[PDB]
Structure formats: structure tokens, C-alpha cells
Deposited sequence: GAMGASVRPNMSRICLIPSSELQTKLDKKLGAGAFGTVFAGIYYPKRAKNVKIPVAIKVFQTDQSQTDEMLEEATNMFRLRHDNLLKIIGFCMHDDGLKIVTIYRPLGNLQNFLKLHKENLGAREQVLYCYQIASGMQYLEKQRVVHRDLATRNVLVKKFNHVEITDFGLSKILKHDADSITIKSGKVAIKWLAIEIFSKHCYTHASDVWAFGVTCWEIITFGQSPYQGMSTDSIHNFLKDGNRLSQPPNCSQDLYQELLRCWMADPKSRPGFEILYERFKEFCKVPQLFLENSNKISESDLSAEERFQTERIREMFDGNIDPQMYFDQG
């Protein structure tokens, strides 16, 4: 539920990243009932001392969101400085840096699986009437080669370069809906297909608005099939109502996972030596981030 200071340690020297609206630090979680150490990531939001009943209401609502493809929120704590959101630390990093690093060895099965698992988590969020508002590969974490998790969800009432994932209607009026998440999901899939290159690379803001207003979309990658590109295209409809829901998108990509090399050209497939090398890289990142304080199995046993 609510974590006190006696159970949390914020490593202010282990800054994980910048953030649109809040920095993230590595940390260790000490459950008082159990001498077990849990490597965690601590996101710090300092928002005008807004320690109100509304912030507690949306902290527990976000805490009850449970799904295998959602990053588990271990707990929360509200301070005078602001709000800290604690999540389980993932040594592999976000999907954006993960796609670039493993561009040459990730297979077509892994790419369709990421789109499927992300669509699986978004379906749970949609059924919970929760708008993510910031869906992208940078906000998707990699647990292992065949398992990704969505993070930074449910920050609507809690409160940039994300224009590349912004639907057309958001430019005119601010109305973050589930249909706008479907748009960002289409761009998110495009990142996975292109192994994490930047959308609208030869462009800039706000020319993207008129580029999308003139009916243009992101070009089909050379490795993307036509049946898969039509899915991204229908994620980018002009009318917000004409776009499919994550209920439809979940059933589509699940059928795509049956034969993944039928929708993406990828000569590479994951090797069992890379599975063992991935396990060695996770223990290394755990040993370095916490200076041997965290036993690597403690994270694996979790």
C-alpha cells in the first residue's frame, strides 16, 4: 500500500534517466515484515505539495492496476516535497534502447510479441477506463526477451517531444481519449518494426501537424508487410471513432503471433546462447547499480 521512509532507500547518485516530468532513481525496498532487499526504481514527482485527497485517490486506483504486461507498482509515498512512485527495477532498461541494442539479433517473433503484449496491457487499461496519455517504447520496460511491461500509466490527474506519438485531434483541442492511445500504439508498433528509430526523422514540429493534416502518415518500413501496415494505418484514422479499440487490436496481433515471419521479414532468431548471455547481463547490471548490495537471485526469485 503506502511505503514509509523506514522501508525505502533512494539512491540519489544512481539517476536512471531524465523524464518529461520527474526524475527516476535506483533504490532498494525493505519490506518490514520479511531481511530481503528488493531492487526498485523510484520516480520522484514534486508537484506544488499537492498532497490532497485527490492524489491519494489516484494513487490507490493506480496501485490496483495489475497485469503481466504492466509494470508492477510496489508502492507509493506522498511527501511534502512531492510524490514518489516505487516500481520494480528492470536491469534491461526501456524497449527503445533495447531495440537499438539488439537490432541485429532480435527476431520477427520478438517484434510481433512486443506489439501483442503492449496491446494486451493496453486492453486491460482500456477496460479499467484508464487513458495512458504517453504510450511509447520509452515507457515500455523489458523484463526478458519475451516479456515487456508498460509503465508511467495513470498519471492523468496526478500530472513535449511526445508530439511524434500525438494524434491529430490533440493538436486542436486537449481531449486525451482511448482513441488517442490507439494512435500512440500505432506509432509504438512502428518503433518496434523499425527497431527503434525516431518517427518523422526528416521532419520537425510543428510541420508534423500539417503533415498529418494533409493525410500523410509514416511510411511503411522496408521489412513490414502490407497486412501489418494496414493495422498501423487504421490506428491512424482521421476520425477518432473510426479507429479500432484495443479489444480488436489484441485479437489481431495474437493471430499475427501464430506465424510472425509472415508479417515481418527478419532473418534473425534468438539464440539460446543469447538467453544465457542475457541472464549474465542482468546480474551484472544488478551488481553494478547497487554495488553488490543486491543478490541477483533476489530479483530473479521475485
property: Deposited sequence positions missing from the model - stretches, numbered from 1, in order; result: 1-14, 49, 175-186, 330
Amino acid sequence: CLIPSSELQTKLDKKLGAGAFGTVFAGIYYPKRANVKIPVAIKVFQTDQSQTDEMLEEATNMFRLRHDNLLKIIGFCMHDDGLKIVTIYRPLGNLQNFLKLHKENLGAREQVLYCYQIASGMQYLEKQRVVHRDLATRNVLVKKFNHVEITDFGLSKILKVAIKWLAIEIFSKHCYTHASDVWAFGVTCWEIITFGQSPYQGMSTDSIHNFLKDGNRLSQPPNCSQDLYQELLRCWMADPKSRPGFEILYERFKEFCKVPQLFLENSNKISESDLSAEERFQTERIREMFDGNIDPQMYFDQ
From here on, numbers count along this sequence of modelled residues.
{"item": "Of 40-48 and 64-72, the one with larger mean CA B-factor", "value": "40-48"}
{"item": "Higher-scoring stretch by recorded Cα B factor average, 97-105 or 181-189", "value": "97-105"}
{"item": "Which of 26, 249, 34, 59 ranks first by CA B-factor in the deposited coordinates", "value": "34"}
{"item": "Top residue by Cα temperature factor, when 175, 85, 141, 131 are compared in the entry", "value": "175"}
{"item": "CA B-factor placement of residue 55, once the chain's modelled residues are sorted into thirds", "value": "lowest"}
{"item": "Chain-wide C-alpha B factor ranking for residue 263, given as lowest, middle or highest third", "value": "highest"}
{"item": "Lowest, middle or highest third - CA B-factor, residue 136", "value": "lowest"}
{"item": "Relative C-alpha B-factor of residue 156, binned into the chain's lowest, middle or highest third", "value": "highest"}
{"item": "Ranked against its chain, the third holding the CA B-factor of residue 225", "value": "middle"}
